[PDB]
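*Asks:* Below is the file structure_27.pdb, with PDB, C-alpha atoms.
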ATOM      1  CA  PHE A   1      -4.112   6.244   7.807  1.00  0.00           C
ATOM      2  CA  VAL A   2      -2.521   3.036   9.046  1.00  0.00           C
ATOM      3  CA  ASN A   3      -3.630   1.048  12.080  1.00  0.00           C
ATOM      4  CA  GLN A   4      -1.301  -1.734  13.161  1.00  0.00           C
ATOM      5  CA  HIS A   5      -1.793  -3.939  16.208  1.00  0.00           C
ATOM      6  CA  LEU A   6       0.778  -6.660  16.680  1.00  0.00           C
ATOM      7  CA  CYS A   7       1.133  -9.288  19.375  1.00  0.00           C
ATOM      8  CA  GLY A   8       3.348 -11.861  17.700  1.00  0.00           C
ATOM      9  CA  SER A   9       6.694 -12.758  16.189  1.00  0.00           C
ATOM     10  CA  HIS A  10       8.227 -10.866  13.264  1.00  0.00           C
ATOM     11  CA  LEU A  11       5.610  -8.429  12.086  1.00  0.00           C
ATOM     12  CA  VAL A  12       6.711  -6.803   8.854  1.00  0.00           C
ATOM     13  CA  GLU A  13       4.334  -4.192   7.499  1.00  0.00           C
ATOM     14  CA  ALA A  14       5.183  -1.716   4.760  1.00  0.00           C
ATOM     15  CA  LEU A  15       2.851   1.205   4.096  1.00  0.00           C
ATOM     16  CA  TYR A  16       3.388   3.678   1.315  1.00  0.00           C
ATOM     17  CA  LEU A  17       0.785   6.363   0.808  1.00  0.00           C
ATOM     18  CA  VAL A  18       1.090   9.187  -1.701  1.00  0.00           C
ATOM     19  CA  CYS A  19      -1.189  11.556  -3.574  1.00  0.00           C
ATOM     20  CA  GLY A  20      -0.353  13.518  -6.686  1.00  0.00           C
ATOM     21  CA  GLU A  21      -0.156  10.568  -9.026  1.00  0.00           C
TER      22      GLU A  21
ATOM     23  CA  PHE B   1       0.570  12.229  13.717  1.00  0.00           C
ATOM     24  CA  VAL B   2       2.122   9.012  14.987  1.00  0.00           C
ATOM     25  CA  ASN B   3       0.986   7.058  18.037  1.00  0.00           C
ATOM     26  CA  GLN B   4       3.279   4.267  19.159  1.00  0.00           C
ATOM     27  CA  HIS B   5       2.761   2.090  22.218  1.00  0.00           C
ATOM     28  CA  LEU B   6       5.304  -0.656  22.720  1.00  0.00           C
ATOM     29  CA  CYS B   7       5.619  -3.268  25.443  1.00  0.00           C
ATOM     30  CA  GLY B   8       7.816  -5.872  23.798  1.00  0.00           C
ATOM     31  CA  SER B   9      11.158  -6.799  22.303  1.00  0.00           C
ATOM     32  CA  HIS B  10      12.723  -4.947  19.370  1.00  0.00           C
ATOM     33  CA  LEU B  11      10.134  -2.501  18.162  1.00  0.00           C
ATOM     34  CA  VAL B  12      11.264  -0.909  14.919  1.00  0.00           C
ATOM     35  CA  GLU B  13       8.917   1.722  13.533  1.00  0.00           C
ATOM     36  CA  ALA B  14       9.804   4.156  10.775  1.00  0.00           C
ATOM     37  CA  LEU B  15       7.508   7.096  10.077  1.00  0.00           C
ATOM     38  CA  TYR B  16       8.077   9.548   7.281  1.00  0.00           C
ATOM     39  CA  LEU B  17       5.498  12.244   6.741  1.00  0.00           C
ATOM     40  CA  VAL B  18       5.838  15.041   4.206  1.00  0.00           C
ATOM     41  CA  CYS B  19       3.584  17.423   2.314  1.00  0.00           C
ATOM     42  CA  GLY B  20       4.459  19.355  -0.808  1.00  0.00           C
ATOM     43  CA  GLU B  21       4.639  16.384  -3.129  1.00  0.00           C
TER      44      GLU B  21
ATOM     45  CA  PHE C   1      -8.800   0.273   1.944  1.00  0.00           C
ATOM     46  CA  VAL C   2      -7.191  -2.936   3.156  1.00  0.00           C
ATOM     47  CA  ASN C   3      -8.269  -4.943   6.185  1.00  0.00           C
ATOM     48  CA  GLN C   4      -5.921  -7.714   7.246  1.00  0.00           C
ATOM     49  CA  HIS C   5      -6.382  -9.939  10.284  1.00  0.00           C
ATOM     50  CA  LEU C   6      -3.794 -12.647  10.726  1.00  0.00           C
ATOM     51  CA  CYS C   7      -3.410 -15.288  13.409  1.00  0.00           C
ATOM     52  CA  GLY C   8      -1.187 -17.842  11.717  1.00  0.00           C
ATOM     53  CA  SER C   9       2.160 -18.697  10.183  1.00  0.00           C
ATOM     54  CA  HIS C  10       3.667 -16.778   7.260  1.00  0.00           C
ATOM     55  CA  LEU C  11       1.032 -14.354   6.103  1.00  0.00           C
ATOM     56  CA  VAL C  12       2.106 -12.699   2.875  1.00  0.00           C
ATOM     57  CA  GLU C  13      -0.297 -10.095   1.542  1.00  0.00           C
ATOM     58  CA  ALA C  14       0.529  -7.608  -1.189  1.00  0.00           C
ATOM     59  CA  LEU C  15      -1.822  -4.697  -1.829  1.00  0.00           C
ATOM     60  CA  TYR C  16      -1.316  -2.207  -4.597  1.00  0.00           C
ATOM     61  CA  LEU C  17      -3.939   0.459  -5.080  1.00  0.00           C
ATOM     62  CA  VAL C  18      -3.670   3.298  -7.573  1.00  0.00           C
ATOM     63  CA  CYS C  19      -5.974   5.666  -9.419  1.00  0.00           C
ATOM     64  CA  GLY C  20      -5.163   7.648 -12.529  1.00  0.00           C
ATOM     65  CA  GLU C  21      -4.941   4.709 -14.886  1.00  0.00           C
TER      66      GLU C  21
ATOM     67  CA  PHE D   1     -13.481  -5.719  -4.000  1.00  0.00           C
ATOM     68  CA  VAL D   2     -11.834  -8.914  -2.812  1.00  0.00           C
ATOM     69  CA  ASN D   3     -12.894 -10.967   0.200  1.00  0.00           C
ATOM     70  CA  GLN D   4     -10.518 -13.727   1.241  1.00  0.00           C
ATOM     71  CA  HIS D   5     -10.961 -15.974   4.263  1.00  0.00           C
ATOM     72  CA  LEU D   6      -8.335 -18.652   4.690  1.00  0.00           C
ATOM     73  CA  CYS D   7      -7.919 -21.309   7.356  1.00  0.00           C
ATOM     74  CA  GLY D   8      -5.675 -23.821   5.636  1.00  0.00           C
ATOM     75  CA  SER D   9      -2.323 -24.626   4.100  1.00  0.00           C
ATOM     76  CA  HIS D  10      -0.826 -22.681   1.190  1.00  0.00           C
ATOM     77  CA  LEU D  11      -3.489 -20.279   0.055  1.00  0.00           C
ATOM     78  CA  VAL D  12      -2.436 -18.593  -3.165  1.00  0.00           C
ATOM     79  CA  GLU D  13      -4.861 -16.001  -4.477  1.00  0.00           C
ATOM     80  CA  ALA D  14      -4.065 -13.485  -7.192  1.00  0.00           C
ATOM     81  CA  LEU D  15      -6.447 -10.597  -7.807  1.00  0.00           C
ATOM     82  CA  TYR D  16      -5.969  -8.077 -10.557  1.00  0.00           C
ATOM     83  CA  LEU D  17      -8.620  -5.433 -11.022  1.00  0.00           C
ATOM     84  CA  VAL D  18      -8.372  -2.582 -13.502  1.00  0.00           C
ATOM     85  CA  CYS D  19     -10.704  -0.224 -15.325  1.00  0.00           C
ATOM     86  CA  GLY D  20      -9.920   1.795 -18.419  1.00  0.00           C
ATOM     87  CA  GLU D  21      -9.661  -1.125 -20.796  1.00  0.00           C
TER      88      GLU D  21
ATOM     89  CA  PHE E   1     -18.068 -11.745 -10.009  1.00  0.00           C
ATOM     90  CA  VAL E   2     -16.383 -14.937  -8.852  1.00  0.00           C
ATOM     91  CA  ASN E   3     -17.425 -17.028  -5.858  1.00  0.00           C
ATOM     92  CA  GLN E   4     -15.010 -19.759  -4.838  1.00  0.00           C
ATOM     93  CA  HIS E   5     -15.412 -22.032  -1.828  1.00  0.00           C
ATOM     94  CA  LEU E   6     -12.757 -24.686  -1.425  1.00  0.00           C
ATOM     95  CA  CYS E   7     -12.314 -27.364   1.214  1.00  0.00           C
ATOM     96  CA  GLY E   8     -10.042 -29.847  -0.523  1.00  0.00           C
ATOM     97  CA  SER E   9      -6.663 -30.588  -2.053  1.00  0.00           C
ATOM     98  CA  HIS E  10      -5.186 -28.588  -4.943  1.00  0.00           C
ATOM     99  CA  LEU E  11      -7.888 -26.221  -6.064  1.00  0.00           C
ATOM    100  CA  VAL E  12      -6.857 -24.498  -9.275  1.00  0.00           C
ATOM    101  CA  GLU E  13      -9.305 -21.921 -10.566  1.00  0.00           C
ATOM    102  CA  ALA E  14      -8.553 -19.365 -13.257  1.00  0.00           C
ATOM    103  CA  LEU E  15     -10.964 -16.497 -13.848  1.00  0.00           C
ATOM    104  CA  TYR E  16     -10.520 -13.961 -16.587  1.00  0.00           C
ATOM    105  CA  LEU E  17     -13.201 -11.341 -17.023  1.00  0.00           C
ATOM    106  CA  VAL E  18     -12.998  -8.465 -19.478  1.00  0.00           C
ATOM    107  CA  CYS E  19     -15.371  -6.133 -21.292  1.00  0.00           C
ATOM    108  CA  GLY E  20     -14.604  -4.072 -24.363  1.00  0.00           C
ATOM    109  CA  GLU E  21     -14.298  -6.964 -26.771  1.00  0.00           C
TER     110      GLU E  21
ATOM    111  CA  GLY F   1      -1.060   9.251  10.383  1.00  0.00           C
ATOM    112  CA  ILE F   2       0.008   5.826  11.602  1.00  0.00           C
ATOM    113  CA  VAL F   3      -0.469   4.017  14.917  1.00  0.00           C
ATOM    114  CA  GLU F   4       1.523   0.991  16.082  1.00  0.00           C
ATOM    115  CA  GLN F   5       0.697  -1.071  19.141  1.00  0.00           C
ATOM    116  CA  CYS F   6       2.811  -4.085  20.037  1.00  0.00           C
ATOM    117  CA  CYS F   7       2.419  -6.192  23.169  1.00  0.00           C
ATOM    118  CA  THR F   8       4.504  -9.391  23.259  1.00  0.00           C
ATOM    119  CA  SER F   9       6.040  -8.806  19.859  1.00  0.00           C
ATOM    120  CA  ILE F  10       8.984  -8.046  17.672  1.00  0.00           C
ATOM    121  CA  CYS F  11       7.707  -5.445  15.253  1.00  0.00           C
ATOM    122  CA  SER F  12       9.256  -4.203  12.042  1.00  0.00           C
ATOM    123  CA  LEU F  13       7.112  -1.572  10.358  1.00  0.00           C
ATOM    124  CA  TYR F  14       7.774   1.142   7.805  1.00  0.00           C
ATOM    125  CA  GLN F  15       4.981   3.627   7.109  1.00  0.00           C
ATOM    126  CA  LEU F  16       5.596   6.549   4.786  1.00  0.00           C
ATOM    127  CA  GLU F  17       2.935   9.132   3.978  1.00  0.00           C
ATOM    128  CA  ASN F  18       3.532  11.658   1.214  1.00  0.00           C
ATOM    129  CA  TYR F  19       0.772  14.201   0.690  1.00  0.00           C
ATOM    130  CA  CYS F  20       0.067  16.667  -2.081  1.00  0.00           C
ATOM    131  CA  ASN F  21      -0.285  19.756   0.127  1.00  0.00           C
TER     132      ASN F  21
ATOM    133  CA  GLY G   1       3.639  15.221  16.284  1.00  0.00           C
ATOM    134  CA  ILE G   2       4.673  11.789  17.524  1.00  0.00           C
ATOM    135  CA  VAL G   3       4.164  10.032  20.866  1.00  0.00           C
ATOM    136  CA  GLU G   4       6.114   6.986  22.058  1.00  0.00           C
ATOM    137  CA  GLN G   5       5.260   4.958  25.131  1.00  0.00           C
ATOM    138  CA  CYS G   6       7.343   1.928  26.063  1.00  0.00           C
ATOM    139  CA  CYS G   7       6.917  -0.140  29.218  1.00  0.00           C
ATOM    140  CA  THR G   8       8.982  -3.352  29.346  1.00  0.00           C
ATOM    141  CA  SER G   9      10.531  -2.804  25.943  1.00  0.00           C
ATOM    142  CA  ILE G  10      13.486  -2.102  23.750  1.00  0.00           C
ATOM    143  CA  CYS G  11      12.237   0.487  21.314  1.00  0.00           C
ATOM    144  CA  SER G  12      13.819   1.682  18.100  1.00  0.00           C
ATOM    145  CA  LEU G  13      11.709   4.321  16.386  1.00  0.00           C
ATOM    146  CA  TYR G  14      12.406   7.011  13.818  1.00  0.00           C
ATOM    147  CA  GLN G  15       9.640   9.516  13.082  1.00  0.00           C
ATOM    148  CA  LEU G  16      10.293  12.414  10.742  1.00  0.00           C
ATOM    149  CA  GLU G  17       7.657  15.009   9.897  1.00  0.00           C
ATOM    150  CA  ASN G  18       8.283  17.519   7.118  1.00  0.00           C
ATOM    151  CA  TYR G  19       5.563  20.087   6.565  1.00  0.00           C
ATOM    152  CA  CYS G  20       4.898  22.537   3.764  1.00  0.00           C
ATOM    153  CA  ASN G  21       4.555  25.635   5.946  1.00  0.00           C
TER     154      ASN G  21
ATOM    155  CA  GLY H   1      -5.762   3.290   4.522  1.00  0.00           C
ATOM    156  CA  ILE H   2      -4.659  -0.135   5.711  1.00  0.00           C
ATOM    157  CA  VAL H   3      -5.120  -1.966   9.022  1.00  0.00           C
ATOM    158  CA  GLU H   4      -3.104  -4.985  10.163  1.00  0.00           C
ATOM    159  CA  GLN H   5      -3.897  -7.069  13.216  1.00  0.00           C
ATOM    160  CA  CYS H   6      -1.757 -10.074  14.092  1.00  0.00           C
ATOM    161  CA  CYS H   7      -2.126 -12.198  17.215  1.00  0.00           C
ATOM    162  CA  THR H   8      -0.022 -15.388  17.284  1.00  0.00           C
ATOM    163  CA  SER H   9       1.500 -14.766  13.879  1.00  0.00           C
ATOM    164  CA  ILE H  10       4.431 -13.976  11.676  1.00  0.00           C
ATOM    165  CA  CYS H  11       3.126 -11.378   9.277  1.00  0.00           C
ATOM    166  CA  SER H  12       4.648 -10.111   6.067  1.00  0.00           C
ATOM    167  CA  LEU H  13       2.484  -7.479   4.407  1.00  0.00           C
ATOM    168  CA  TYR H  14       3.113  -4.748   1.865  1.00  0.00           C
ATOM    169  CA  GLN H  15       0.301  -2.277   1.196  1.00  0.00           C
ATOM    170  CA  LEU H  16       0.884   0.653  -1.117  1.00  0.00           C
ATOM    171  CA  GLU H  17      -1.797   3.223  -1.905  1.00  0.00           C
ATOM    172  CA  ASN H  18      -1.233   5.772  -4.653  1.00  0.00           C
ATOM    173  CA  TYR H  19      -3.999   8.301  -5.154  1.00  0.00           C
ATOM    174  CA  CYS H  20      -4.735  10.775  -7.913  1.00  0.00           C
ATOM    175  CA  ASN H  21      -5.096  13.844  -5.679  1.00  0.00           C
TER     176      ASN H  21
ATOM    177  CA  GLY I   1     -10.464  -2.695  -1.400  1.00  0.00           C
ATOM    178  CA  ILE I   2      -9.324  -6.113  -0.231  1.00  0.00           C
ATOM    179  CA  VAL I   3      -9.763  -7.967   3.065  1.00  0.00           C
ATOM    180  CA  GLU I   4      -7.723 -10.979   4.186  1.00  0.00           C
ATOM    181  CA  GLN I   5      -8.493 -13.092   7.226  1.00  0.00           C
ATOM    182  CA  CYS I   6      -6.324 -16.085   8.072  1.00  0.00           C
ATOM    183  CA  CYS I   7      -6.665 -18.231  11.185  1.00  0.00           C
ATOM    184  CA  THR I   8      -4.526 -21.395  11.233  1.00  0.00           C
ATOM    185  CA  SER I   9      -3.022 -20.731   7.825  1.00  0.00           C
ATOM    186  CA  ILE I  10      -0.096 -19.903   5.630  1.00  0.00           C
ATOM    187  CA  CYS I  11      -1.434 -17.301   3.253  1.00  0.00           C
ATOM    188  CA  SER I  12       0.079 -15.992   0.053  1.00  0.00           C
ATOM    189  CA  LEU I  13      -2.114 -13.374  -1.589  1.00  0.00           C
ATOM    190  CA  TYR I  14      -1.514 -10.618  -4.117  1.00  0.00           C
ATOM    191  CA  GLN I  15      -4.349  -8.172  -4.774  1.00  0.00           C
ATOM    192  CA  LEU I  16      -3.794  -5.221  -7.066  1.00  0.00           C
ATOM    193  CA  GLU I  17      -6.505  -2.673  -7.826  1.00  0.00           C
ATOM    194  CA  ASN I  18      -5.968  -0.100 -10.563  1.00  0.00           C
ATOM    195  CA  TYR I  19      -8.767   2.405 -11.040  1.00  0.00           C
ATOM    196  CA  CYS I  20      -9.525   4.892 -13.780  1.00  0.00           C
ATOM    197  CA  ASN I  21      -9.916   7.944 -11.527  1.00  0.00           C
TER     198      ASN I  21
ATOM    199  CA  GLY J   1     -15.093  -8.708  -7.386  1.00  0.00           C
ATOM    200  CA  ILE J   2     -13.916 -12.122  -6.236  1.00  0.00           C
ATOM    201  CA  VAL J   3     -14.327 -14.015  -2.956  1.00  0.00           C
ATOM    202  CA  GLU J   4     -12.246 -17.002  -1.864  1.00  0.00           C
ATOM    203  CA  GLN J   5     -12.995 -19.156   1.154  1.00  0.00           C
ATOM    204  CA  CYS J   6     -10.782 -22.117   1.983  1.00  0.00           C
ATOM    205  CA  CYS J   7     -11.101 -24.300   5.072  1.00  0.00           C
ATOM    206  CA  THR J   8      -8.917 -27.436   5.091  1.00  0.00           C
ATOM    207  CA  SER J   9      -7.416 -26.732   1.694  1.00  0.00           C
ATOM    208  CA  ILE J  10      -4.505 -25.845  -0.491  1.00  0.00           C
ATOM    209  CA  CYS J  11      -5.875 -23.237  -2.845  1.00  0.00           C
ATOM    210  CA  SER J  12      -4.378 -21.886  -6.036  1.00  0.00           C
ATOM    211  CA  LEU J  13      -6.602 -19.284  -7.662  1.00  0.00           C
ATOM    212  CA  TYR J  14      -6.039 -16.498 -10.158  1.00  0.00           C
ATOM    213  CA  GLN J  15      -8.903 -14.081 -10.795  1.00  0.00           C
ATOM    214  CA  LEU J  16      -8.384 -11.099 -13.057  1.00  0.00           C
ATOM    215  CA  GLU J  17     -11.128  -8.584 -13.801  1.00  0.00           C
ATOM    216  CA  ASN J  18     -10.624  -5.982 -16.516  1.00  0.00           C
ATOM    217  CA  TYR J  19     -13.453  -3.509 -16.978  1.00  0.00           C
ATOM    218  CA  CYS J  20     -14.245  -1.009 -19.697  1.00  0.00           C
ATOM    219  CA  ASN J  21     -14.686   2.020 -17.425  1.00  0.00           C
TER     220      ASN J  21
END
Show me the file's structure as C-alpha cells.
*Replies:*
Amino acid sequence: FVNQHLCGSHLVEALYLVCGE
Amino acid sequence: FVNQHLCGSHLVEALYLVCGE
Amino acid sequence: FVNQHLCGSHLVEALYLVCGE
Amino acid sequence: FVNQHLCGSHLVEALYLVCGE
Amino acid sequence: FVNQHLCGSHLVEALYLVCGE
Amino acid sequence: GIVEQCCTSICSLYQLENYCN
Amino acid sequence: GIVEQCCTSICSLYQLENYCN
Amino acid sequence: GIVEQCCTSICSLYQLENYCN
Amino acid sequence: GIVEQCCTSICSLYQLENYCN
Amino acid sequence: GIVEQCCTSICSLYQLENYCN
C-alpha cells in the first residue's frame, strides 16, 4: 500500500515493503 | 496492482511485486 | 503507517518500520 | 507514534522507538 | 511522551526515555 | 499495490512489495 | 495488473509482477 | 503503508516497512 | 507510525520504529 | 511518542524511546 500524489519538482520516493522478517 | 496517471515531464516509476518470499 | 504532506523545499524523511525485534 | 509539523528553516528531528529492551 | 513546541532560533532538545533499569 | 499520480511534475519513485505468500 | 495513463507526458515506467501461482 | 503528497515541493523520502508475517 | 507535515520548510527527519512483534 | 511543532524556527531535536515490552 503506497499512495503518492506529486505536483512538483523532483519527487523521490522509495518504498520497500516485505513480510517474512 | 499498480495505478499510474501521469500528465507531466519525466515520470519514472518502478514497481516490483512478488510473492513467495 | 507513514503520512507525509510536503509543500516546501528539500523534504527529507526517512521511515524505517520493522517488527520481530 | 511521532507527530511532526514544520513550517520553518532546517528542522532536524530524530525519533528512535524500540521495544524489547 | 515528549511535547516540543519551538518558535525560535536553535532549539536543541535531547530526550532519552528507557524502562528496564 | 502502489498508485502514482503526477500533474505538473518530474517524478522519480521506486516501490517494491515483497509478500510472504 | 498495472494501468498507465499519460496525457501531455513523457512516461518511463517499469512494472513487474511475479506471483506464486 | 505510506502516503506522500507534494504540491510545490522537492521531496526526498525513503520509507521502508518490514513486517513479521 | 509517523506523520510529517511541512509547509514553507526545509525538513530533515529520521523516524525509526522497531517493535517487538 | 514525541511531537514536534516548529513555526519560524531552526529545530534540532533527538528523542529516543526504549521500552521494556
*Asks:* Could you work out how far atom CA of residue 20 of chain A lies from atom CA of residue 1 of chain G, giving the answer in Å with one decimal?
*Replies:*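 Between atom CA of residue 1 of chain G and atom CA of residue 20 of chain A the gap works out to 23.4 Å.
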*Asks:* I'd like to see the residues matched by the PyMOL selection byres ((chain G and resi 12) around 6) on this file, and ideally I'd get them as a PyMOL selection string.
*Replies:* (chain B and resi 11-12) or (chain G and resi 11+13)
*Asks:* Least-squares fit on all C-alpha atoms, paired in order: put chain B onto chain D and return it as a tab-separated table (two decimals) with C-alpha atoms, in the coordinates of the input.
*Replies:*
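The resulting result_5.tsv:
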chain	number	residue	atom	x	y	z
B	1	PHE	CA	-13.48	-5.72	-4.01
B	2	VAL	CA	-11.84	-8.92	-2.82
B	3	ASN	CA	-12.89	-10.97	0.20
B	4	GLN	CA	-10.52	-13.72	1.25
B	5	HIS	CA	-10.95	-15.97	4.26
B	6	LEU	CA	-8.33	-18.66	4.69
B	7	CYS	CA	-7.92	-21.31	7.36
B	8	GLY	CA	-5.67	-23.82	5.64
B	9	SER	CA	-2.32	-24.63	4.10
B	10	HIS	CA	-0.83	-22.68	1.19
B	11	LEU	CA	-3.49	-20.28	0.06
B	12	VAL	CA	-2.44	-18.59	-3.16
B	13	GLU	CA	-4.86	-16.00	-4.48
B	14	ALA	CA	-4.06	-13.49	-7.19
B	15	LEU	CA	-6.44	-10.59	-7.81
B	16	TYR	CA	-5.96	-8.07	-10.56
B	17	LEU	CA	-8.62	-5.44	-11.02
B	18	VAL	CA	-8.37	-2.58	-13.50
B	19	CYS	CA	-10.71	-0.22	-15.33
B	20	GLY	CA	-9.91	1.80	-18.42
B	21	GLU	CA	-9.67	-1.12	-20.80
*Asks:* Would you list the contacts of residue 15 of chain B as a ChimeraX atom specification, taking every protein, DNA or RNA residue within 8 Å and counting all atoms listed in the file, but skipping same-chain residues closer than 6 positions in sequence?
*Replies:* /B:2 /F:2,14-17 /G:14-17
*Asks:* Report chain J as a compact mmCIF listing (two decimals) with C-alpha atoms, in the frame of the given file in the frame of chain G, after least-squares superposition over all C-alpha atoms paired in order.
*Replies:*
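See part-v3.txt below for the written result:
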# COMPACT_ATOMS: atom_id res chain seq x y z
CA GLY J 1 3.64 15.23 16.28
CA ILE J 2 4.67 11.81 17.54
CA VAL J 3 4.16 10.02 20.87
CA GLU J 4 6.12 6.99 22.06
CA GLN J 5 5.26 4.96 25.13
CA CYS J 6 7.35 1.94 26.07
CA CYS J 7 6.92 -0.14 29.21
CA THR J 8 8.97 -3.36 29.34
CA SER J 9 10.53 -2.81 25.94
CA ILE J 10 13.49 -2.11 23.76
CA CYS J 11 12.24 0.49 21.32
CA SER J 12 13.82 1.68 18.10
CA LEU J 13 11.71 4.32 16.38
CA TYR J 14 12.40 7.01 13.81
CA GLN J 15 9.64 9.52 13.08
CA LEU J 16 10.30 12.41 10.74
CA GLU J 17 7.66 15.01 9.90
CA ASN J 18 8.29 17.51 7.12
CA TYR J 19 5.56 20.08 6.56
CA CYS J 20 4.89 22.53 3.76
CA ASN J 21 4.55 25.64 5.94
*Asks:* What separation in Å, quoted to one decimal, exists between atom CA of residue 5 of chain E and atom CA of residue 14 of chain D?
*Replies:*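 If I compute the distance from atom CA of residue 5 of chain E to atom CA of residue 14 of chain D, I get 15.2 Å.
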*Asks:* Find the residues in chain D near chain C: any atom within 9 Å counts, using all atoms listed in the file. Write them as a list in words.
*Replies:*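 Only these qualify: residues 7, 18, 19 and 20 of chain D.
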*Asks:* Could you state the separation of atom CA of residue 6 of chain J and atom CA of residue 7 of chain F in Å, given to one decimal place?
*Replies:*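 Computing it gives 29.6 Å between the two atoms.
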*Asks:* To test the calculation: enclose all listed atoms of segment 13-17 of chain D in a box whose edges run along x, y and z, add 6 Å on each side, then state centre and edge lengths in Å to one decimal, as lines of an AutoDock Vina configuration file.
*Replies:*
center_x = -6.3
center_y = -10.7
center_z = -7.7
size_x = 16.6
size_y = 22.6
size_z = 18.5
*Asks:* Take chain J from the block and save it with C-alpha atoms, as a PDB file, in the first residue's frame.
*Replies:*
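Written file, out-v7.pdb:
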ATOM      1  CA  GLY J   1       5.648   9.095  21.456  1.00  0.00           C
ATOM      2  CA  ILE J   2       7.046  12.513  20.602  1.00  0.00           C
ATOM      3  CA  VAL J   3       5.521  15.568  18.915  1.00  0.00           C
ATOM      4  CA  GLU J   4       7.480  18.461  17.417  1.00  0.00           C
ATOM      5  CA  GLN J   5       5.942  21.695  16.197  1.00  0.00           C
ATOM      6  CA  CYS J   6       8.140  24.445  14.797  1.00  0.00           C
ATOM      7  CA  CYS J   7       6.893  27.680  13.251  1.00  0.00           C
ATOM      8  CA  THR J   8       9.592  30.277  12.493  1.00  0.00           C
ATOM      9  CA  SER J   9      12.406  28.125  13.812  1.00  0.00           C
ATOM     10  CA  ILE J  10      15.516  26.103  13.290  1.00  0.00           C
ATOM     11  CA  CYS J  11      14.939  22.977  15.318  1.00  0.00           C
ATOM     12  CA  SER J  12      17.409  20.314  16.348  1.00  0.00           C
ATOM     13  CA  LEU J  13      15.781  17.584  18.411  1.00  0.00           C
ATOM     14  CA  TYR J  14      16.664  13.999  19.236  1.00  0.00           C
ATOM     15  CA  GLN J  15      14.060  11.901  21.042  1.00  0.00           C
ATOM     16  CA  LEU J  16      14.708   8.234  21.685  1.00  0.00           C
ATOM     17  CA  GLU J  17      12.219   5.991  23.469  1.00  0.00           C
ATOM     18  CA  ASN J  18      13.247   2.496  24.531  1.00  0.00           C
ATOM     19  CA  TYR J  19      10.549   0.411  26.177  1.00  0.00           C
ATOM     20  CA  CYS J  20      10.648  -2.831  28.114  1.00  0.00           C
ATOM     21  CA  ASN J  21       7.977  -4.655  26.096  1.00  0.00           C
TER      22      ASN J  21
END
